[PDB]
Every structure is written in structure tokens, then in C-alpha cells.
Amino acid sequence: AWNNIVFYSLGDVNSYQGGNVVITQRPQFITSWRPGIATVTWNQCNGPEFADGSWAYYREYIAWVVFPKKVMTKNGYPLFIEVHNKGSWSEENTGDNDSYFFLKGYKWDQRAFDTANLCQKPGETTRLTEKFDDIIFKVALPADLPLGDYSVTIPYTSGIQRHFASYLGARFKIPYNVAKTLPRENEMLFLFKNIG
């Protein structure tokens, strides 16, 4: 029995306009899943690296989003991040104090012969076409946050865990503490103006 797990990390930088906000309110921003070029940043393998189309293996794919619960403005003030709508994402390891963990398994126990690289190494790339739900977050502003324009960089991880296995019923989940330290190549640039 063998198991091959590869994590393909997406990395886009986009902006969201929060507009004028008063420090009492909890402004909203929408994180979108964007299909594109993904880069391997993690893997764990003990099986064959390559399938030639002539023999079967089993697929489990799981989408990941690892998102900060806290971000600092460039002028040194703390913003706290809350979930408003996680859609169909599975919000897990909720007791972690630094990061949210969202998972979405969209393929499991799928027998395939397809020719493929079953253990791509870090730095290798591929096109991800899969599309997943928006995740909507809120922001708590500190009461003494200086007035003016903010452009807050919020790094986070998103990508797909590909799990190839030798047998039917293979389940694997990248450990949270490992997922916790993965490169956060996505950036949400949250824009708003703090008024009164």
C-alpha cells in the first residue's frame, strides 16, 4: 500500500474596495477562488511517481484555504478577521488561534488509469481549472485606529491537495500544523477609508 499527496498552491493578488467605514462597523470583503497556474509547495510520497496509462490508481482531491485571524496595518494597528460566510467550505481546526482552516473535498475514491505525474516536486506547475465558493470575512477595527485611507495586505494560502493512492477508500488530510506553515502566496488587498 502506498500514498502520494501533493499540494498545488495558487498565488494571485487582487483588491477589494471596502469604501468609507466608521470604526463601529465591521467591513466586508470577498475572497474569491481563482483558477490559474498552481505551484507545488509540499508533498509526501512512497509510491510510484509516474503512471503510464496502463494501470489503475485512486484519487482524492481536497481544496484548501488557510486564512489569518489577525493582520497588522502598516502603521502598526491590529485588525481581527472573522468569517461571515464560508459557503459550502468545511471550517475545521477552529481552536487554532492564528489561522482559519477551510477544506472542500470534491473528489474521492475515484479509480483512474490516466497518464499523469503522481508525485510532482516543489516548483513544478500545472493549470487548475476547479472553481470553489467565495469566502466572506469581516474586520474588527480598533477604536483608536487613525483616520484615513488603508491598503491592507492580507496574505493567505489557497490550493488543491491531490491524493493518489493504491487502494479503494484512501483518505488523507494534510496536517493542520503543516498546512499552517505553507507559503501564503495569495494576497487580499483590503481597501477602506476610516472616517469618524
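Here the rigid core means the biggest group of C-alpha atoms that line up within 1.5 Å when the two forms are laid on top of each other. In case it trips you up, residue 1 is the first one in the sequence shown, and so on.
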property: Higher-deviation segment by CA RMS in 5 other deposited structures of this protein, core fitted, 2-10 or 187-195; result: 187-195
property: In 5 other deposited structures of this protein, rigid core aligned: more displaced of 148-156 and 53-61 by C-alpha RMS; result: 148-156
property: 121-129 set against 67-75, stretch whose average Cα temperature factor tops the other in the entry; result: 121-129
property: Stretch with the greater mean C-alpha B-factor as recorded in the entry, comparing 30-38 against 139-147; result: 30-38
property: Of the residues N14, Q17, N20, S9, the one carrying the largest Cα B-factor as recorded; result: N14
property: Chain-wide C-alpha B factor ranking for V83, given as lowest, middle or highest third; result: lowest
property: Entry-reported Cα temperature factor of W55, expressed as the chain third it lands in; result: highest
property: Assigned third (lowest, middle, highest) for the C-alpha B factor of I195; result: lowest
property: Entry-reported Cα temperature factor of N186, expressed as the chain third it lands in; result: lowest
property: Third of the chain, ranked by Cα B-factor, where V152 sits; result: lowest
